[PDB]
Structures are given as C-alpha cells and as structure tokens.
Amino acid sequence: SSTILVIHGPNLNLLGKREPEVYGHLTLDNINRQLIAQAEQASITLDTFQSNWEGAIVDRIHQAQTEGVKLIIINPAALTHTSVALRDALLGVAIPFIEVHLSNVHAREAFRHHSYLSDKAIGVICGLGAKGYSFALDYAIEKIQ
C-alpha cells in the first residue's frame, strides 16, 4: 500500500531531545510529517519506520518486499559502519535504496568513513541535515514515474 519507505536507524529517535544548543527542536516526527506531506503533494504513498533494534529494521525491509515498496530511503545511522545483515537484507529483497546521513560522516572519526551499504545504494547524501531526506525523496519521486 506504500510506494516509498523511509527507514531511520538507532538513536535517531533522540532528535530534538538534546537541547537549545546541540540541535534545536527538530525531532524525528517533524521530519516524518514533512516527508509525508511532500509525498502527498506528489500523489505518492510514504511510510516510515524507526528502531534501535537491527532485527526490527531487517524484518521491516523483508515486509517491504511483500508490500511492493518500490524504493527505500534509509538513514542507517551507526549501522552503516557495522551491519552486513542490513546490507544483505536490502540486497536480498532487491529494493533500490538511497542512503542518507544528517551529519557529514567524512568529517568525524575514521571508522565512520566505512559503510557496508554505500557501494550498493543508488546514491548517498551526507551532511545536509534533514533536507537530505527531502532531496532523496525528490529523486525517488522523479524515479518512480
């Protein structure tokens, strides 16, 4: 029933809890409405999902195949560096995806430069905050037609 699925990895539920300094008030829910609205404007159905449990995300990707999800926008967050299971899930279902990160990963610790997903994504957007999700959706829409 849903054309595009947005997946948020672990810790992203913490957006907007931190402070008036570190981030402002933008929360995961705010991003989700903005993303739903944008899809609705383009007559596309859009579902979202967040968990801190790798298996929950894997399950959800499997469920997306049965639901005929055409494209996934995923921010795997920390799991990009660690989860080959997440990689094999996306590959196994054969749903193309776009990888999104809020922050510039290449600007932090060296271990963050490695991704188990990037080489198999259509593309990647790093360091543009929430707008990254939006840019990925815009591309996805362009490609769904």
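All residue numbers refer to positions in the sequence shown, first residue = 1. Rigid core: the largest C-alpha set superposing within 1.5 Å between the two forms.
K.L.:
Core-aligned, which moves more in 8 other deposited structures of this protein: 87-95 or 23-31, by CA RMS?
P.N.:
Stretch with the higher C-alpha RMS distance in 8 other deposited structures of this protein: 23-31.
K.L.:
Averaging the C-alpha B factors as listed in the entry, name the stretch that ends up higher: 23-31 or 90-98.
P.N.:
The deposited B-factors put 23-31 ahead on the C-alpha mean.
K.L.:
Higher mean Cα B-factor in the deposited model: 107-115 or 81-89?
P.N.:
Comparing 107-115 with 81-89, the higher mean C-alpha B-factor belongs to 107-115.
K.L.:
When the deposited Cα B-factors of this chain's modelled residues are ordered and cut into thirds, is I57 in the lowest, the middle or the highest one?
P.N.:
Lowest third of the chain for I57's C-alpha B-factor.
K.L.:
Could you look up the Cα B-factor of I4 in the entry and say which third of the chain it sits in: lowest, middle or highest?
P.N.:
Middle third, going by the recorded CA B-factors of the chain.
K.L.:
Taking the C-alpha B-factors as the PDB entry records them, is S43 in the lowest, middle or highest third of its chain?
P.N.:
CA B-factor rank for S43: highest third.
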